[PDB]
Amino acid sequence: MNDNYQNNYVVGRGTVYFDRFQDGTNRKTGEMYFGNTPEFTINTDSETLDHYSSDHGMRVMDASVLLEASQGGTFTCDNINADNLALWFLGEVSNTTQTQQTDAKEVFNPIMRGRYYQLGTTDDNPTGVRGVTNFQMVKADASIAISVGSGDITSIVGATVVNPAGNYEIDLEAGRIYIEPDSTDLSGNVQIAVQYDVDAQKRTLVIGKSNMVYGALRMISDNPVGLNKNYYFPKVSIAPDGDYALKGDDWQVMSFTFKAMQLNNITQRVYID
Amino acid sequence: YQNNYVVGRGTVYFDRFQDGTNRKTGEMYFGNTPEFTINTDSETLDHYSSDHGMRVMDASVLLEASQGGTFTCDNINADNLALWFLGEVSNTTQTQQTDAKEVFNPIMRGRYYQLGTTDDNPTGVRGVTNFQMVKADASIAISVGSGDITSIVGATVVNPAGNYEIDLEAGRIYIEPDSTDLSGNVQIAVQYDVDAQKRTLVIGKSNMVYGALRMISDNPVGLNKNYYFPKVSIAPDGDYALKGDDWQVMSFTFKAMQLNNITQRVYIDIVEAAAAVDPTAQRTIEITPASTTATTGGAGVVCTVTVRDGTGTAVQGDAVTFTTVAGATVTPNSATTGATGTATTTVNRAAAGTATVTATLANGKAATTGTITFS
Amino acid sequence: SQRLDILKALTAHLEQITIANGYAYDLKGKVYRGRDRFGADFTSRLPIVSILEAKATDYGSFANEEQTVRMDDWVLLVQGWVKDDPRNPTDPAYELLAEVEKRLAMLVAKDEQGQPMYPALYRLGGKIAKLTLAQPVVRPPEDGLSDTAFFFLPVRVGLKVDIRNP
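The rules behind these values
Residues numbered from 1 in each chain as written, not as in the entry; some residues may be left out. Chains lettered and ligands numbered in written order. Part of a larger assembly, values for the part shown. Heavy atoms only, no water. Helix = DSSP H or I, 4+ residues; strand = E, 2+ residues; numbered from the N terminus. Rg over C-alpha atoms; globule rule 2.2 N^0.38 Å. Buried < 20%, exposed > 50% of the residue type's maximum accessible area, 1.4 Å probe, protein only. Contact = heavy atoms within 4.5 Å. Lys, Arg positive; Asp, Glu negative; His and termini not counted. Charge placed at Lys NZ, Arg CZ, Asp CG, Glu CD. Pairing = 2+ DSSP bridges. Patch = residues over 30% accessible without salt bridge, like charges linked within 9 Å, V, L, I, M, F, W, Y side chains within 5 Å. Areas by Shrake-Rupley, 256 points an atom, 1.4 Å probe, with all protein chains shown as cover. Salt bridge = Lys/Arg side-chain N within 4 Å of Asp/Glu carboxyl O. Axes fitted to C-alpha atoms, helices over the stretch in contact; angles between N-to-C directions. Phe/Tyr/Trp six-rings, centres within 6.5 Å; stacked < 30°, edge-to-face > 60°. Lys NZ or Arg CZ within 6 Å of the ring centre and 35° of its normal. Expected span 1.5 Å × (residues − 1).

(A) Highlighting the overall build of chain A. Across its full length, chain A holds one helix and 18 strands. Taken over C-alpha atoms, the radius of gyration comes to 29 Å for chain A, far larger than the 19 Å a tight globule of 273 residues would show. Reported as C-alpha extents along the three principal axes, the dimensions of chain A are approximately 95 × 50 × 40 Å. In chain A, which comprises 273 residues, the share counted as buried stands at 33%. In chain A, once contacts between residues fewer than 6 apart in sequence are set aside, the share between residues at least 24 apart is 70%. Averaging the coordinates of the 20 positive side-chain charges in chain A and doing the same for the 34 negative ones gives two points 3 Å apart.

Below you can see the structure in the form of structure tokens.
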């Protein structure tokens, strides 16, 4: 009777999409394609409020109502891009252009030989500036309340110019200056001031905030074997799971875990097409 | 219709992509490929019925099929090596220097020292001249500043006789194993001049090479089929024997990949026979010297050119133009082939040294060459 | 016949070794065949090339069961005679041998880029698959004495044979 039944054996493949909600709002914004998802799993842990009869039998159950079934899941993304990172780091993508600045000036107090210094660390450029040019540096003793007065940095009282040779190396595109450990001039209880010209670098960031991210999750199947089924979770809370390994022999992967939630008392947690 | 029993022959071409891109650069002919094999390694995912049978299979799908292959080339040229050593050809030229200076500390007798080893010339310089050398005690530190090494404090000139012999083209010093002056713990400072030379290298790197591989069929028996792999990764296979009695071969293995979701891994083109080109219009040219030596500035030598069509027949009346590398004068510079399809011209050269002659037809057919030495 | 057409084609191919074609020797009408013995009617007209077949009955490599299609390894004993130089008894034969090798190579000789140099000659027009020239032998006759120079050049012709149309 069932000896010739054709089972639908499935090899899972498909694309996952996340529609990030606007803050404090269940209003959709657009189904963001995560990219390659090696893994997409749906988990459901449940507990039943069992009730046992006291009038007969030792522990004969008479009721088993379900308290909670927490539909949810987990998935990994191997396409490392700003939006997925902003999901993982509970943050947002910031697209900016760093203000072109000529004769920008900065001080470092104290400094250590053999250490790297990032130019332009500011609340506007919290990871420093990029695309620097026309860099020059001046030495000064570390006790004085040196400052970036107007006019060239060389104008400072008690200061002295520093030549790069054997004293520092500059990664202009990165805004990184390295104080050579053998530096004769930058030895001792010394501080420095610098003057540099900053290009109009178009510059993007991910700000790791702490806001929980609700959204609509969709999985659209492209199963090479078996029939296709498309999973839609009208509302989920995306959260990072596990470890994001930034360095290793294999590909980078971000792991997300999501909880399905009832968008409204009219909708359900999941719909399979 | 007929059964196509086939004997395989054909030409292999590799269209190296630009790094990090699928942008073609051009189909490079490998040369003779004695061996070209395609191997497909497959793994199926099998499902077995757990409901009725013992281990009755009910579903089986191809999980992975690794189309690919391997081939050997017998022609050893820079490009195919750069492909084998996962690297690039570095056509460069070494800067002319005069009174270039270098210091070797320590030196051991019975050893070779290569001049000019540095990041600009990592295999050393070639074409050294005007070499002179001075020794100093190894305990002290000496510096090759401006001026001649002979002014170095505590350094003394080394006469080459019995102390060293110098390979000027290679730039290799041989510290003689029975040297008396260079015995003991010493160092040498050297001063040499460097000819300018165009200086081809192959730089070995660790970057995989992707490209489009094509095989054309020259099967002497059976229909011809042309295999095209729009994208493959070529890596070295096996061992490259630099020394032996057999001919050198580089074995390559290639793995076919999908250039894109639209294009497949391999396309086999079924070649129907085309109309042959008119052979009486084709041209072939061969040149050979009468002799490879002449006294410079003398009567020189004759080299004979033969022009033939696609039938091997000699072509009467084809225009030919000769030319030479340097300092050689060729008379007649341009000739018309005789009834026997031959032409001859005389080359002679004032300055001694080698030269080579080449002849070229209308339509630019060939740059065939023979070698001539003037002394 | 297949074999006979191939032989005639090799013959007419070598009968174009002529001074009008850019060779130092004239073999027109003098590439003989099927003669085991060449006398004064021939030797009075050197140079002469003779293409005989080897006396070995080999077995080919069959493409199928039913053993109907095969790759033969048909050996041909190309040899030639040219009047020697009594003080350089065997120098002339090397030159004729060279012309003959150079002519035969036209049938398989690819250019440096893998394309046939002489496409109409190439493989005699699909008649042959291969032409393996052996290391040639230039020697005086082992016993006996001659002012005629001998060169011996075995040629293995590879060809597809279907005995249904041999």
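(B) A look at the sheet that holds strand 27 (residues 353-361) of chain B. Residues and elements named next belong to chain B. Here five strands make up an open sheet; going across it, the order is 21-28-27-23-25 and the pairing mixed. Each of the sheet's edge strands pairs with one partner strand only, and the pair in question is strand 21 (293-294) and strand 25 (334-336). As defined by bridge partners, strand 27 adjoins strand 28 (residues 368-374) across seven bridges and the pair is classed as antiparallel. From the neighbouring strand, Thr-358 faces strand 28, where its bridge partner is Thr-369.

(C) Broad picture of a nonpolar patch on the surface. Residue and element names in this part refer to chain A. A surface patch of nonpolar side chains, about 280 Å² in accessible area, is lined by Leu-49, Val-65 and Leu-67. Counting through the fold element by element, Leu-49 comes out in strand 4 (residues 44-52). With relative accessibility at 46%, the residue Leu-49 sits in the partly exposed group.

(D) Looking closely at the sheet that holds strand 8 (residues 116-118) of chain A. Residue and element names in this part refer to chain A. What the three strands build is an open sheet, ordered 8-12-11; its pairing is antiparallel. One side of each edge strand has no neighbouring strand; the edge strands of this open sheet are strand 8 and strand 11 (168-171). Here the strands of the sheet are splayed against their neighbours by 20 degrees on average, with no regard to which way each runs. Where strand 11 meets strand 12 (residues 176-179), four bridges bridge the pair, whose relative direction is antiparallel. Bridging across to strand 12, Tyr-168 finds its partner in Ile-179.

(E) Spatial organisation of the packing of aromatic side chains. This model, assessed by the stated rule, comprises 35 aromatic pairs over all chains. Ring centres of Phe-36 of chain B and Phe-254 of chain B lie 5.7 Å apart, and the angle between their planes is 25 degrees; on these two criteria the pair is classed as stacked. Highlighted residues: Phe-36 of chain B in strand 3 (residues 35-38) and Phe-254 of chain B in strand 18 (residues 250-256), separated in sequence by 218 residues. The residues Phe-36 of chain B and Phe-254 of chain B share a single accessibility class, namely buried. With a centroid separation of 5.5 Å and 80 degrees between ring planes, the pair formed by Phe-131 of chain B and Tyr-164 of chain B is classed as edge-to-face. Placement of the pair is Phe-131 of chain B in strand 10 (residues 128-137) and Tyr-164 of chain B in strand 12 (residues 164-167), with a sequence separation of 33 residues. Under the relative-accessibility criterion, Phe-131 of chain B is labelled buried at 14%. Judged by its relative accessible area of 7%, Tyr-164 of chain B falls in the buried class. One aromatic cluster in this structure is built from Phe-18, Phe-34, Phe-40, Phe-75, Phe-233, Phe-256 and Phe-258 of chain A. Residue placement shows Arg-59 of chain A over the ring face of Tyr-52 of chain A; its charged tip is 5.9 Å from the ring centre. Note that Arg-3 of chain C overlies the ring of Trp-74 of chain C, its terminal NZ or CZ placed 4.9 Å from the centroid.

(F) Looking closely at helix 1 (residues 2-14) of chain C. All names here are of chain C. Under the 1.5 Å per step criterion, the end-to-end length of helix 1 is 18 Å for 13 residues, consistent within 8% with the ideal 18 Å. If you check which residues of helix 1 are buried, you get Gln-2, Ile-6, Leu-7, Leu-10, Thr-11, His-13 and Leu-14. Close packing links the buried residues of helix 1 with strand 1 (31-33), strand 2 (48-53), strand 4 (69-83), helix 3 (91-105), helix 4 (123-126) and strand 7 (148-162).

(G) Main features of the pattern of salt bridges. Applying the stated criterion across every chain, the model contains 13 salt bridges over all chains. For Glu-27 of chain B, the salt bridge identified is with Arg-214 of chain B, shortest N-O distance 2.9 Å. Of this pair, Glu-27 of chain B sits in strand 2 (residues 24-29) while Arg-214 of chain B sits in strand 16 (residues 209-217), placing them 187 residues apart in sequence. In this structure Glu-27 of chain B comes out as partly exposed when scored by relative accessible area, which is 41%. Classification of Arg-214 of chain B by relative accessible area gives partly exposed; the value is 28%. Among the ionic pairs, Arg-123 of chain C bridges to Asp-218 of chain B, the shortest N-O distance being 2.7 Å. Separated into two different chains, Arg-123 of chain C in helix 4 and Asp-218 of chain B in the loop between strand 16 and strand 17 (224-237) make up a pair that spans both. Using a relative accessible area of 10% as the deciding quantity, one classes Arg-123 of chain C as buried. Through salt bridges with shared partners, a single network forms among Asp-218 of chain B together with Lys-110 and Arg-123 of chain C.

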